[PDB]
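Okay, so we've got a single protein chain in two different forms coming up as structure tokens, structure 1 first and structure 2 after it.
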Structure 1
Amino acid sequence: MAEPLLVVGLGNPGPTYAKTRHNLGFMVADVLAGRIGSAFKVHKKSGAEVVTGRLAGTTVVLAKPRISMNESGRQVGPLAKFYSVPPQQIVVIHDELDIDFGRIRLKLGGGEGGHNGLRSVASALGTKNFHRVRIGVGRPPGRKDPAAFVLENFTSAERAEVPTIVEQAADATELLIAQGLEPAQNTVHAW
């Protein structure tokens, strides 16, 4: 056993939320599984969905939580001990408010901003040192509040651009793993 890696995506359960701005993390994950072969199934001694296999040159483990978020770290902590994994070999995908609509950036460490799920995770592990993949959506109209703006649907002109963007994020995840942080930062960035 050469000591593996663990990849994770964030979102909420049901038909009611399937296509809001806050569910982007779920969409990129259904695609990666189609590039491997099989479908999901529940892990009984923790309670979540999992898939195992081969990718970009090495041994990998994939997942999706099943609870409302201010309650989502009670299943991520236990899963990490069952297989004996270090904190520097963990990767996570989510949505971002401080960048324009159609941009991507990579990172290690720092502050959590305004996402509720990110804080629940670092509080169960005991530290803030893990890797991240950011995707932006913009700022609110006038005097409209930030927590109500992310639960709505997209407008019509933004709707014909979404399937193109989901493809570019998957290609970028395979490169971090097979080449490294500093060099992969030189092809995708600006200023």
Structure 2
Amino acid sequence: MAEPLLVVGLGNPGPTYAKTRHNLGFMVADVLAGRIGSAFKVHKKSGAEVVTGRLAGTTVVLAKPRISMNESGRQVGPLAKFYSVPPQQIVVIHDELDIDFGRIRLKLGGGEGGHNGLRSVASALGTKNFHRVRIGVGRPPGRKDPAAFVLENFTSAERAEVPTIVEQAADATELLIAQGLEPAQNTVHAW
């Protein structure tokens, strides 16, 4: 008697990447786990780090793959089947190049931008119809390649407000779960 939502934070494992742009997904997930009150434990049948509990009024399974961005699909897929979670009930948090730094957008399906983690997930699920909480990071300075840019740390001026942004992403995420996409994205969007 359940059928929970799967909330997935994308990022790369290890201290080496903990603070890079490509790890926004992990940062948000760590905040959500802090709201639920439990630390992550390894889900042995999938190898993913997981937290289960009550979040935003419903049952949630919060996860972080402890395998590299490129192969995240391998753990997210099994995890989804483990709990019989339909794609529409899957929420993936990730950094986004096509949106200005500090902006947060919510989306169901659609393109994947330049995010390799997202591709691996949609590849494993066999569909792109899952929700995303897109946390803007902006576009790289000049001629620097997107893939390289997101593997760097935030500039000192950016680092000042990443903590504010992560908390807003987590709220945006909770708002999505509780209220639904349309209400949530009407509140969180502005242009």
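What we label the rigid core is the largest C-alpha set whose atoms superpose within 1.5 Å from one form to the other. One-based numbering along structure 1's sequence throughout.
Once the core is aligned between the two structures, the alpha carbon position of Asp95 differs by 0.8 Å; this is the C-alpha shift at that site. Core-aligned Cα shift between the two structures at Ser156: this is 2.3 Å.
Relative to the superposed rigid core, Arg35 shifts its CA by 1.5 Å between the two structures.
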